[PDB]
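One file, entry-v9.cif, carrying mmCIF, C-alpha atoms:
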```cif
data_protein
loop_
_atom_site.label_atom_id
_atom_site.label_comp_id
_atom_site.auth_asym_id
_atom_site.auth_seq_id
_atom_site.Cartn_x
_atom_site.Cartn_y
_atom_site.Cartn_z
CA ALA A 319 -17.22 -1.20 -57.06
CA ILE A 320 -20.46 -3.12 -57.69
CA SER A 321 -23.91 -2.05 -56.52
CA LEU A 322 -25.40 -3.38 -53.30
CA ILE A 323 -28.12 -5.36 -55.08
CA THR A 324 -25.60 -6.97 -57.45
CA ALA A 325 -23.38 -7.78 -54.48
CA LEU A 326 -26.37 -9.40 -52.80
CA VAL A 327 -27.49 -11.35 -55.86
CA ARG A 328 -23.95 -12.60 -56.43
CA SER A 329 -23.70 -13.68 -52.81
CA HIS A 330 -27.02 -15.47 -53.10
CA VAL A 331 -25.86 -17.23 -56.30
CA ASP A 332 -22.41 -18.07 -54.87
CA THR A 333 -24.06 -19.67 -51.82
CA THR A 334 -26.98 -21.42 -53.55
CA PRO A 335 -26.13 -25.00 -54.60
CA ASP A 336 -26.13 -25.30 -58.38
CA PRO A 337 -28.01 -28.32 -59.85
CA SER A 338 -24.86 -30.03 -61.10
CA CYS A 339 -23.34 -30.16 -57.61
CA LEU A 340 -26.27 -31.36 -55.45
CA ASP A 341 -25.57 -34.14 -52.94
CA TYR A 342 -27.83 -37.16 -53.39
CA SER A 343 -26.12 -39.51 -50.94
CA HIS A 344 -29.08 -39.26 -48.52
CA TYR A 345 -32.00 -39.39 -50.97
CA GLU A 346 -32.34 -43.18 -51.10
CA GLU A 347 -34.85 -44.21 -48.45
CA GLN A 348 -32.97 -46.56 -46.14
CA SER A 349 -33.62 -48.03 -42.70
CA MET A 350 -32.56 -45.78 -39.83
CA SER A 351 -33.48 -45.18 -36.18
CA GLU A 352 -35.44 -42.29 -34.75
CA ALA A 353 -32.04 -41.23 -33.38
CA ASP A 354 -30.54 -41.31 -36.86
CA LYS A 355 -33.33 -39.12 -38.25
CA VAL A 356 -32.62 -36.50 -35.57
CA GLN A 357 -28.89 -36.75 -36.18
CA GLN A 358 -29.49 -36.15 -39.90
CA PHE A 359 -31.77 -33.20 -39.20
CA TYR A 360 -29.25 -31.44 -36.99
CA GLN A 361 -26.49 -32.06 -39.54
CA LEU A 362 -28.68 -30.81 -42.37
CA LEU A 363 -29.64 -27.71 -40.42
CA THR A 364 -26.15 -26.82 -39.12
CA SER A 365 -24.27 -27.27 -42.39
CA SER A 366 -26.91 -25.26 -44.25
CA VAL A 367 -26.53 -22.49 -41.71
CA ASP A 368 -22.78 -22.61 -42.32
CA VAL A 369 -23.52 -21.92 -45.98
CA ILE A 370 -25.97 -19.19 -45.06
CA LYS A 371 -23.12 -17.80 -42.96
CA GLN A 372 -21.14 -17.39 -46.20
CA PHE A 373 -23.95 -15.33 -47.75
CA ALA A 374 -24.22 -13.00 -44.78
CA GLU A 375 -20.48 -12.32 -44.66
CA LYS A 376 -20.57 -11.15 -48.26
CA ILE A 377 -23.31 -8.61 -47.58
CA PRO A 378 -21.44 -5.35 -48.09
CA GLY A 379 -21.37 -3.44 -44.81
CA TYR A 380 -21.88 -6.54 -42.67
CA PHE A 381 -18.24 -6.76 -41.63
CA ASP A 382 -18.39 -3.10 -40.71
CA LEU A 383 -20.77 -4.09 -37.92
CA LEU A 384 -19.24 -5.08 -34.59
CA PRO A 385 -18.50 -8.82 -34.26
CA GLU A 386 -20.98 -8.94 -31.37
CA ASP A 387 -23.78 -7.55 -33.55
CA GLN A 388 -22.85 -9.84 -36.45
CA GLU A 389 -23.17 -12.82 -34.11
CA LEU A 390 -26.40 -11.60 -32.55
CA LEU A 391 -27.95 -10.83 -35.93
CA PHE A 392 -26.82 -14.14 -37.41
CA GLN A 393 -27.90 -16.39 -34.57
CA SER A 394 -31.24 -14.57 -34.49
CA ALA A 395 -32.01 -15.14 -38.18
CA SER A 396 -30.27 -18.40 -39.01
CA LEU A 397 -33.47 -20.45 -38.76
CA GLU A 398 -35.39 -17.83 -40.74
CA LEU A 399 -32.76 -17.71 -43.49
CA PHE A 400 -32.80 -21.49 -43.53
CA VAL A 401 -36.58 -21.59 -43.91
CA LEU A 402 -36.66 -18.72 -46.40
CA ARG A 403 -34.11 -20.32 -48.75
CA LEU A 404 -35.77 -23.68 -48.36
CA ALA A 405 -39.20 -22.30 -49.22
CA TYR A 406 -37.93 -20.18 -52.13
CA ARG A 407 -36.21 -23.10 -53.87
CA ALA A 408 -38.99 -25.63 -53.25
CA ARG A 409 -41.41 -26.02 -56.15
CA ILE A 410 -45.13 -26.85 -56.02
CA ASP A 411 -46.16 -30.51 -56.28
CA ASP A 412 -42.63 -31.78 -55.82
CA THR A 413 -41.39 -34.92 -54.12
CA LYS A 414 -37.86 -33.69 -53.38
CA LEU A 415 -36.60 -30.91 -51.13
CA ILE A 416 -33.20 -29.26 -51.71
CA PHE A 417 -31.21 -27.66 -48.89
CA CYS A 418 -28.63 -24.92 -49.41
CA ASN A 419 -25.89 -27.29 -48.26
CA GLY A 420 -26.64 -29.20 -51.45
CA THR A 421 -28.34 -32.13 -49.71
CA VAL A 422 -31.53 -33.39 -51.36
CA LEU A 423 -34.12 -35.60 -49.62
CA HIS A 424 -37.70 -36.77 -50.15
CA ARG A 425 -40.27 -34.51 -48.54
CA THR A 426 -41.34 -37.69 -46.76
CA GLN A 427 -37.92 -38.17 -45.14
CA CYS A 428 -38.29 -34.67 -43.70
CA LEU A 429 -41.83 -35.03 -42.44
CA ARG A 430 -40.30 -37.47 -39.98
CA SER A 431 -37.99 -34.86 -38.44
CA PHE A 432 -39.66 -31.55 -39.32
CA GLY A 433 -43.11 -32.82 -38.41
CA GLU A 434 -46.21 -30.94 -39.59
CA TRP A 435 -44.10 -27.80 -39.59
CA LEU A 436 -42.78 -28.79 -43.04
CA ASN A 437 -46.27 -28.52 -44.52
CA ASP A 438 -46.45 -24.99 -43.16
CA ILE A 439 -43.09 -24.29 -44.81
CA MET A 440 -44.40 -25.61 -48.14
CA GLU A 441 -47.46 -23.43 -47.62
CA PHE A 442 -45.17 -20.40 -47.22
CA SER A 443 -43.29 -21.58 -50.31
CA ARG A 444 -46.40 -21.45 -52.50
CA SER A 445 -47.13 -18.02 -51.05
CA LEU A 446 -43.71 -16.72 -52.19
CA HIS A 447 -44.15 -18.04 -55.72
CA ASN A 448 -47.69 -16.69 -56.06
CA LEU A 449 -46.27 -13.24 -55.50
CA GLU A 450 -43.43 -14.08 -57.90
CA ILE A 451 -40.12 -12.84 -56.52
CA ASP A 452 -37.12 -12.54 -58.85
CA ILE A 453 -33.60 -13.41 -57.68
CA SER A 454 -32.67 -9.76 -57.05
CA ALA A 455 -35.72 -9.14 -54.88
CA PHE A 456 -35.16 -12.41 -53.03
CA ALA A 457 -31.53 -11.64 -52.26
CA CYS A 458 -32.70 -8.38 -50.66
CA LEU A 459 -35.42 -10.26 -48.79
CA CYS A 460 -32.72 -12.53 -47.34
CA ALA A 461 -30.40 -9.68 -46.38
CA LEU A 462 -33.41 -8.03 -44.75
CA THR A 463 -34.10 -11.17 -42.74
CA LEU A 464 -30.57 -10.88 -41.34
CA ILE A 465 -30.18 -7.11 -41.11
CA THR A 466 -33.19 -6.25 -38.93
CA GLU A 467 -33.89 -4.88 -35.46
CA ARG A 468 -32.97 -7.29 -32.66
CA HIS A 469 -32.84 -6.83 -28.91
CA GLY A 470 -29.33 -6.56 -27.52
CA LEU A 471 -27.56 -4.91 -30.45
CA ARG A 472 -24.58 -2.73 -29.53
CA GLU A 473 -25.14 -0.38 -32.49
CA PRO A 474 -28.84 -0.65 -33.40
CA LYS A 475 -28.67 2.58 -35.38
CA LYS A 476 -25.81 1.24 -37.49
CA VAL A 477 -27.89 -1.87 -38.19
CA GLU A 478 -30.93 0.20 -39.19
CA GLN A 479 -28.86 2.28 -41.61
CA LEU A 480 -27.68 -0.82 -43.45
CA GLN A 481 -31.27 -2.06 -43.40
CA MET A 482 -32.41 1.22 -44.96
CA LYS A 483 -29.76 0.88 -47.66
CA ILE A 484 -30.94 -2.62 -48.48
CA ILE A 485 -34.55 -1.42 -48.48
CA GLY A 486 -33.58 1.43 -50.77
CA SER A 487 -32.00 -0.93 -53.28
CA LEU A 488 -35.03 -3.20 -53.15
CA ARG A 489 -37.27 -0.17 -53.63
CA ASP A 490 -35.36 1.09 -56.69
CA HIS A 491 -35.33 -2.38 -58.26
CA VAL A 492 -39.08 -2.88 -57.77
CA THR A 493 -40.01 0.56 -59.11
CA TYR A 494 -38.36 -0.06 -62.48
CA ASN A 495 -39.15 -3.78 -62.78
CA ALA A 496 -42.02 -3.99 -65.29
CA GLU A 497 -43.49 -7.36 -64.24
CA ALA A 498 -43.67 -6.06 -60.66
CA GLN A 499 -45.66 -2.89 -61.34
CA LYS A 500 -48.35 -5.21 -62.74
CA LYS A 501 -49.50 -5.96 -59.18
CA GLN A 502 -51.24 -4.20 -56.27
CA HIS A 503 -48.44 -2.52 -54.29
CA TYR A 504 -46.08 -5.39 -54.95
CA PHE A 505 -43.43 -3.82 -52.76
CA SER A 506 -45.64 -3.88 -49.64
CA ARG A 507 -46.67 -7.45 -50.35
CA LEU A 508 -42.99 -8.33 -50.64
CA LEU A 509 -41.91 -7.01 -47.25
CA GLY A 510 -45.11 -8.44 -45.81
CA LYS A 511 -43.54 -11.86 -46.28
CA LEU A 512 -40.97 -11.29 -43.52
CA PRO A 513 -43.50 -11.32 -40.66
CA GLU A 514 -44.89 -14.61 -41.99
CA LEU A 515 -41.39 -16.04 -42.10
CA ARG A 516 -40.89 -14.89 -38.49
CA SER A 517 -44.05 -16.76 -37.41
CA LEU A 518 -43.21 -19.75 -39.57
CA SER A 519 -39.81 -19.76 -37.87
CA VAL A 520 -41.22 -19.62 -34.31
CA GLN A 521 -43.10 -22.80 -35.14
CA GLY A 522 -39.74 -24.30 -36.07
CA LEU A 523 -38.25 -23.53 -32.67
CA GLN A 524 -41.13 -25.43 -31.10
CA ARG A 525 -40.32 -28.49 -33.16
CA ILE A 526 -36.60 -28.16 -32.57
CA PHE A 527 -37.23 -27.68 -28.87
CA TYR A 528 -39.28 -30.85 -28.88
CA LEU A 529 -36.38 -32.76 -30.47
CA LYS A 530 -33.98 -31.28 -27.92
CA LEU A 531 -36.04 -32.59 -25.00
CA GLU A 532 -36.42 -35.99 -26.64
CA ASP A 533 -32.63 -35.89 -26.45
CA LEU A 534 -31.74 -38.88 -28.64
CA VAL A 535 -28.55 -37.05 -29.66
CA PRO A 536 -26.97 -33.85 -28.34
CA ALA A 537 -27.93 -30.53 -29.94
CA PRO A 538 -25.12 -28.67 -31.77
CA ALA A 539 -24.16 -25.20 -30.51
CA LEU A 540 -25.51 -23.68 -33.73
CA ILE A 541 -28.91 -25.17 -32.87
CA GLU A 542 -28.66 -23.91 -29.28
CA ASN A 543 -27.87 -20.42 -30.59
CA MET A 544 -31.30 -20.36 -32.25
CA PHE A 545 -32.79 -20.47 -28.77
CA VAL A 546 -30.77 -17.58 -27.35
CA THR A 547 -33.37 -15.36 -29.05
CA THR A 548 -35.47 -15.93 -25.92
#
```

Let me see the structure of the file written as structure tokens.
Amino acid sequence: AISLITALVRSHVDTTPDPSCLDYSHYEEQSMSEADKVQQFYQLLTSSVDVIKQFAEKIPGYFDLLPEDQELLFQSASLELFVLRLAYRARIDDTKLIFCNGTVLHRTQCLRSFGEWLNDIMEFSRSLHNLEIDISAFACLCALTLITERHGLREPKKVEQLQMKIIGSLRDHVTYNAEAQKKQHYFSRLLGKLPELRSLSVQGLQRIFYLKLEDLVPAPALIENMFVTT
């Protein structure tokens, strides 16, 4: 069978909208209520998480974890995966923003719902690209956002072993990747991006919690799951 890193990269590719199939039906700036903008945000977030769900289920060894741990791990990282993919794909000095559900919008249509938090996401985006992360390293970075220690796991040790396997594959790939060895302990700088993502993500919960209290439209279960991590 195929190697872990190739399985990861293929999953990433298979769940990353390709240019020719992007959805532009929401790009055109049109009149819509504050309630509509929240509606759109929830929709955008939930359907993207559904796609991210497809990537996680293809991570070899994931289905070998108990269904309870899969759920806990997924709910706990969904927002992070969402932000990580968003930031990775976003390019500097760009007007658009592409979401893994294929939807494309103006950065300005998102500022309305994301708030200042978006700017922090773009800031993280530039950070990722400064370090230069290839698709193989990124796929591992994503799997590591999902397969990580969380409180309440039934088989924490089983989770850590998969994590170690993913780390191992990332380690091997970095060691032999020429462009990478050209930088100060690239590997360490790579993993050092996860804590930032965690913090960036916490800031997202604040904004999503704000929208929830505003309560212009009900929050989907998927969005409520993001808050269970409290």

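The coordinates place atom CA of residue A:380 at 25.2 Å from atom CA of residue A:362.
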
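Here the PyMOL selection byres ((chain A and resi 542) around 12) catches exactly these residues: residues 360, 363, 364, 393, 394, 396, 397, 523, 526, 527, 529, 530, 536, 537, 538, 539, 540, 541, 543, 544, 545, 546, 547 and 548 of chain A.
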
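Our summary of the geometry notes that atom CA of residue A:459 is positioned 21.6 Å from atom CA of residue A:435.
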
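Ranking A:497, A:478, A:441, A:467 by their shortest atom-to-atom distance to residue A:390, with all atoms listed in the file included, puts A:467 first.
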
Chain and number of each residue from the PyMOL selection byres ((chain A and resi 365) around 10), as a compact mmCIF listing (two decimals) with C-alpha atoms, keeping the file's coordinate frame:
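Dumped to result-v8.txt:
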```
# COMPACT_ATOMS: atom_id res chain seq x y z
CA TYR A 360 -29.25 -31.44 -36.99
CA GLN A 361 -26.49 -32.06 -39.54
CA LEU A 362 -28.68 -30.81 -42.37
CA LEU A 363 -29.64 -27.71 -40.42
CA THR A 364 -26.15 -26.82 -39.12
CA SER A 366 -26.91 -25.26 -44.25
CA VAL A 367 -26.53 -22.49 -41.71
CA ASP A 368 -22.78 -22.61 -42.32
CA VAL A 369 -23.52 -21.92 -45.98
CA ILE A 370 -25.97 -19.19 -45.06
CA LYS A 371 -23.12 -17.80 -42.96
CA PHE A 417 -31.21 -27.66 -48.89
CA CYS A 418 -28.63 -24.92 -49.41
CA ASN A 419 -25.89 -27.29 -48.26
CA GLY A 420 -26.64 -29.20 -51.45
CA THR A 421 -28.34 -32.13 -49.71
CA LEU A 540 -25.51 -23.68 -33.73
```

Handout entry: Atom pair atom CA of residue A:492 / atom CA of residue A:480: separation (Å)
Key = 18.4 Å

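Considering the residues A:450, A:332, A:352, A:347 and counting all atoms listed in the file, residue A:507 has its shortest atom-to-atom contact with A:450.
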
Practice task
Name the residues in contact with residue A:477 at a cut-off of 10 Å, using all atoms listed in the file, excluding same-chain residues fewer than 3 positions from it; report them as a ChimeraX atom specification.
Solution key: /A:379-380,382-384,387-388,391,464-468,471-474,480-482

Mind dumping the selected residues with C-alpha atoms as a PDB file, in the coordinates of the input?
```pdb
ATOM      1  CA  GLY A 379     -21.370  -3.440 -44.810  1.00  0.00           C
ATOM      2  CA  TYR A 380     -21.880  -6.540 -42.670  1.00  0.00           C
ATOM      3  CA  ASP A 382     -18.390  -3.100 -40.710  1.00  0.00           C
ATOM      4  CA  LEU A 383     -20.770  -4.090 -37.920  1.00  0.00           C
ATOM      5  CA  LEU A 384     -19.240  -5.080 -34.590  1.00  0.00           C
ATOM      6  CA  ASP A 387     -23.780  -7.550 -33.550  1.00  0.00           C
ATOM      7  CA  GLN A 388     -22.850  -9.840 -36.450  1.00  0.00           C
ATOM      8  CA  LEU A 391     -27.950 -10.830 -35.930  1.00  0.00           C
ATOM      9  CA  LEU A 464     -30.570 -10.880 -41.340  1.00  0.00           C
ATOM     10  CA  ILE A 465     -30.180  -7.110 -41.110  1.00  0.00           C
ATOM     11  CA  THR A 466     -33.190  -6.250 -38.930  1.00  0.00           C
ATOM     12  CA  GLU A 467     -33.890  -4.880 -35.460  1.00  0.00           C
ATOM     13  CA  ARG A 468     -32.970  -7.290 -32.660  1.00  0.00           C
ATOM     14  CA  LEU A 471     -27.560  -4.910 -30.450  1.00  0.00           C
ATOM     15  CA  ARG A 472     -24.580  -2.730 -29.530  1.00  0.00           C
ATOM     16  CA  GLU A 473     -25.140  -0.380 -32.490  1.00  0.00           C
ATOM     17  CA  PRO A 474     -28.840  -0.650 -33.400  1.00  0.00           C
ATOM     18  CA  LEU A 480     -27.680  -0.820 -43.450  1.00  0.00           C
ATOM     19  CA  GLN A 481     -31.270  -2.060 -43.400  1.00  0.00           C
ATOM     20  CA  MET A 482     -32.410   1.220 -44.960  1.00  0.00           C
TER      21      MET A 482
END
```

Shell around residue A:535 at 8 Å using all atoms listed in the file, local window under 4 positions removed, as a PDB file with C-alpha atoms, keeping the file's coordinate frame:
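Final output, around_21.pdb:
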```pdb
ATOM      1  CA  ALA A 353     -32.040 -41.230 -33.380  1.00  0.00           C
ATOM      2  CA  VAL A 356     -32.620 -36.500 -35.570  1.00  0.00           C
ATOM      3  CA  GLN A 357     -28.890 -36.750 -36.180  1.00  0.00           C
TER       4      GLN A 357
END
```

Exercise for the section: Identify the residues within 10 Å of coordinate (-28.9, -18.6, -52.1) (same frame as the file), considering only C-alpha atoms, and give the answer as a count of residues only. Expected result: 29

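Restricting the calculation to all atoms listed in the file, the smallest distance between residue A:476 and any of A:348, A:381, A:433, A:319 is found for A:381.
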